[PDB]
Amino acid sequence: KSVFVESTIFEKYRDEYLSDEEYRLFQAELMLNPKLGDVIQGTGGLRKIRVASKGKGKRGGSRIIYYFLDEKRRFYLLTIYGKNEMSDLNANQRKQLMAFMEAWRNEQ
Amino acid sequence: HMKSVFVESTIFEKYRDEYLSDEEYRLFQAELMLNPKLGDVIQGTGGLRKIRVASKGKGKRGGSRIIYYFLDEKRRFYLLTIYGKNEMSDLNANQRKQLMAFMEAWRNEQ
Amino acid sequence: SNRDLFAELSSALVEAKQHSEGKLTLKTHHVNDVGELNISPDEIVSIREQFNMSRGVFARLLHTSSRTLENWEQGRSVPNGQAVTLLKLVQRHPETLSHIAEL
Amino acid sequence: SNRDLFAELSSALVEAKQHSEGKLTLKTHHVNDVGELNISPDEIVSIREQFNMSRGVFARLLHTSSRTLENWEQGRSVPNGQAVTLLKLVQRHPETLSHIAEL
DNA sequence: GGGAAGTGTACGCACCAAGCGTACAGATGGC
DNA sequence: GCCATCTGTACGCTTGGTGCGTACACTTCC
Ligand SMILES: [Mg+2]
Ligand SMILES: [Mg+2]
Ligand SMILES: [Mg+2]
Ligand SMILES: [Mg+2]
Ligand SMILES: [Mg+2]
Ligand SMILES: [Mg+2]
Ligand SMILES: [Mg+2]
Ligand SMILES: [Mg+2]
Ligand SMILES: [Mg+2]
Ligand SMILES: [Mg+2]
């Protein structure tokens, strides 16, 4: 009753960070609670979730960025990475994402 | 039943994989530990037992046989052979008498 | 960093926009909703008969009182939800039984 | 194939006698009998916290009433035997949880 | 820095499951 | 070819689980 769509980047890297079984349990967890990931401030609703943590495991960990499309029960899984291998999004980037997200929401 | 041990013969070890999966074999060991008398005694052999597996019902048509001997005082199962139901001839009276004599001499020794 | 966040996030959101428009194909996994599991006494008996096991041995391997399993198969009591779940787990993946005894 | 019953039984029985005397090495697998499983409320909580799941989500994935799981973790009731078995199955083999949801 | 869910705490209550004890009734397995 | 053994039937009963229905506080996120 819920659908997950992997980006090409996610598809290329998912297996390096997540086992298949971990991924199945992850899908079940997200379907039960589409708000599990925290909203990234100023981006128009993109969510970020750490899922390689057995509870408060902040230091270790894989990260997934996703977006929940109310219509169709559909999750877009945008990227997957190691916890400290990625730069942050600066204010201009966030403003650009917020505008993009607003244009989608306006289109629908 | 604090603990039970299964000892595969070389013949059993050589053929088990053709007839039993590892998972099937694991469940088989658990079944036997729970009931060491699961297999029916082969008449006239001094206590050898034969058990049908891989059958949920109408097990004659289904595949495989295991012959074993249980050493009570050591809680030790000797798994002697494994075969398909119509792959092996039966034991005539002289063969059974010889097996009975071997088992009795072994049990007598200790 | 061998990988810059914005480049991947941008490529992924333009992929998402194109998939929503219907002009692009992406690998998709669905997952079905959780169900209301139920089981009849006949189903319990048939599960156990699939293993060619007596009531006692089956109960023992499932860490279950055989008198309770008797209650279920005779239809005296309705199994608790976890019992139904466990039974159906064994029915669907019979190798689980060995692992359940293994605990 | 060409396979003789008496010949194999004879070879296997001479191996067995020699092994019992201790003059021969054969492949051996032990199995422990099933144990009396139990679980404390704290252990239930720790299991669920290992998944970093709220009570509701965990109960939902285990086909369990969240109010009954509440009773267990607050220590109001002792979980039924099958619940203890299920919980410890998940604890030791966490992949089982997804399959339990799949039913 | 306010508001609102989002999580937990605990108690009471009707139904009935759980796990036997106990008396019987057949079905097989060991010589 | 007449035995325990094995494997099932059924009912009664004591103890406690179960699954809310309800009131009520901290807290993490908006
Ligand atoms: Mg082998
Ligand atoms: Mg049936
Ligand atoms: Mg808690
Ligand atoms: Mg704890
Ligand atoms: Mg633990
Ligand atoms: Mg552990
Ligand atoms: Mg009792
Ligand atoms: Mg009793
Ligand atoms: Mg009979
Ligand atoms: Mg009770």
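Bear in mind these aren't lab numbers, they're just calculated from the coordinates by the rules spelled out. So basically every Cβ, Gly included, is an ideal-geometry build from the backbone, and we count neighbours across all protein chains shown.
Here are the numbers for this structure:
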| quantity | calculated |
| --- | --- |
| Output for segment D:26-36, where each listed residue is closer than 26 Å to C:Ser65 by Cα and either within 14 Å of ligand 6 (Cβ to nearest atom) or in contact with a strand residue (DSSP E or B) (Cβ under 8 Å, 6 or more places away or on another chain) (or both) | D:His30, D:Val31, D:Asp33 |
| Unmet requirement for B:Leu32, which otherwise passes all of (1) in a helix (DSSP H, G or I); (2) more than 8 Å from every other protein chain (Cβ to nearest Cβ); (3) touching a helix residue (DSSP H, G or I) at 6+ places or on another chain (Cβ under 9 Å) | (3) |
| Verdict on A:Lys35 being surrounded by fewer than 19 Cβ atoms within 10 Å (Cβ to Cβ), farther than 18 Å from A:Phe10 by Cα and among the basic types (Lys, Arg) | yes |
| Those residues of segment A:53-85 which are without any contact (Cβ under 8 Å) to a residue 12 or more places away in the chain and within 23 Å of A:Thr8 (Cβ to Cβ), in sequence order | A:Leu69, A:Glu85 |
| Enumeration of residues in segment C:1-38 that are among the polar types (S, T, N, Q), surrounded by fewer than 17 Cβ atoms within 10 Å (Cβ to Cβ), more than 7 Å from chain A (Cβ to nearest Cβ) and outside any loop (DSSP other than H, G, I, E, B) | C:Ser10, C:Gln18 |
| Count of residues meeting criterion [out of contact with any helix residue (DSSP H, G or I) (no Cβ under 6 Å at 6 or more places or on another chain), of a type outside the set (D, E, K, R) and away from ligand 2 (no atom under 14 Å from the Cβ)] in segment C:27-61 | 8 |
| Condition met for D:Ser66 (within 16 Å of ligand 3 (Cβ to nearest atom) and either acidic (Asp, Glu) or under 23 Å from the mean Cα position of the chain (by Cα) (or both)) | no |
| Among the residues listed as D:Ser11, D:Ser1, D:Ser46, the single one being polar (S, T, N, Q), out of contact with any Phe, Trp or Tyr (no Cβ under 7 Å at 6 or more places or on another chain) and within 16 Å of ligand 5 (Cβ to nearest atom) | D:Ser46 |
| Index of the failed condition, D:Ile44 passing every other in (1) in contact with a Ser or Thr (Cβ under 9 Å, 6 or more places away or on another chain); (2) farther than 23 Å from C:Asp33 by Cβ; (3) within 16 Å of ligand 4 (Cβ to nearest atom) | (1) |
| Among the residues listed as C:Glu95, C:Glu73, the single one being more than 30 Å from A:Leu77 (Cβ to Cβ), within 16 Å of the chain's Cα centre (by Cα) and more than 16 Å from ligand 6 (Cβ to nearest atom) | C:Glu95 |
| Every residue from segment D:9-50 that is within 16 Å of ligand 3 (Cβ to nearest atom) and hydroxyl-bearing (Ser, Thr, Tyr) | D:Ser40, D:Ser46 |
| Answer residue from segment A:7-27, given it is in a helix (DSSP H, G or I) and in contact with a strand residue (DSSP E or B) (Cβ under 6 Å, 6 or more places away or on another chain) and is farthest from the other protein chains (Cβ to nearest Cβ) among those | A:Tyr17 |
| Residue check for D:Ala16: closer than 17 Å to C:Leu89 by Cβ and either within 16 Å of ligand 2 (Cβ to nearest atom) or of a type in the set (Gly, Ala, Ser) (or both) | no |
| Residues located in segment B:52-99, provided they are at the interface with chain D (Cβ under 10 Å from one of its Cβ atoms), in contact with a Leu (Cβ under 8 Å, 6 or more places away or on another chain) and not in a strand (DSSP E or B) | B:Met88, B:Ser89, B:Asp90, B:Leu91, B:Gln95, B:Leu99 |
| Number of positions in segment A:24-48 that are touching a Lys or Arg at 6+ places or on another chain (Cβ under 7 Å) and of a type outside the set (S, T, N, Q) | 7 |
| Matching residues in segment C:18-49 - criterion: being within 20 Å of the chain's Cα centre (by Cα), among the β-branched types (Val, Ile, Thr) and within 26 Å of A:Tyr13 (Cβ to Cβ) | C:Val31 |
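For (1) among the hydrophobic types (A, V, I, L, M, F, W, C); (2) farther than 22 Å from C:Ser20 by Cα, each residue gets a yes or a no:
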site: A:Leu46; (1), (2): yes, no
site: A:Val51; (1), (2): yes, yes
site: A:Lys56; (1), (2): no, yes
site: A:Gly60; (1), (2): no, yes
site: A:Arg63; (1), (2): no, yes
site: A:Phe68; (1), (2): yes, no
site: A:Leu78; (1), (2): yes, no
site: A:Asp88; (1), (2): no, yes
site: A:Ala99; (1), (2): yes, no
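Matching residues to (1) within 14 Å of chain B (Cβ to nearest Cβ); (2) surrounded by 18 or more Cβ atoms within 10 Å (Cβ to Cβ); (3) closer than 25 Å to D:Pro94 by Cα; (4) in contact (Cβ under 8 Å) with a residue 12 or more places away in the chain:
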{"site": "C:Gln50", "(1), (2), (3), (4)": "yes, no, no, yes"}
{"site": "C:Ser54", "(1), (2), (3), (4)": "yes, no, no, no"}
{"site": "C:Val57", "(1), (2), (3), (4)": "yes, yes, no, no"}
{"site": "C:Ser66", "(1), (2), (3), (4)": "yes, no, no, no"}
{"site": "C:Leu69", "(1), (2), (3), (4)": "no, yes, no, yes"}
{"site": "C:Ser77", "(1), (2), (3), (4)": "no, no, no, no"}
{"site": "C:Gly81", "(1), (2), (3), (4)": "no, yes, yes, yes"}
{"site": "C:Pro94", "(1), (2), (3), (4)": "yes, no, yes, yes"}
{"site": "C:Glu102", "(1), (2), (3), (4)": "yes, no, yes, no"}
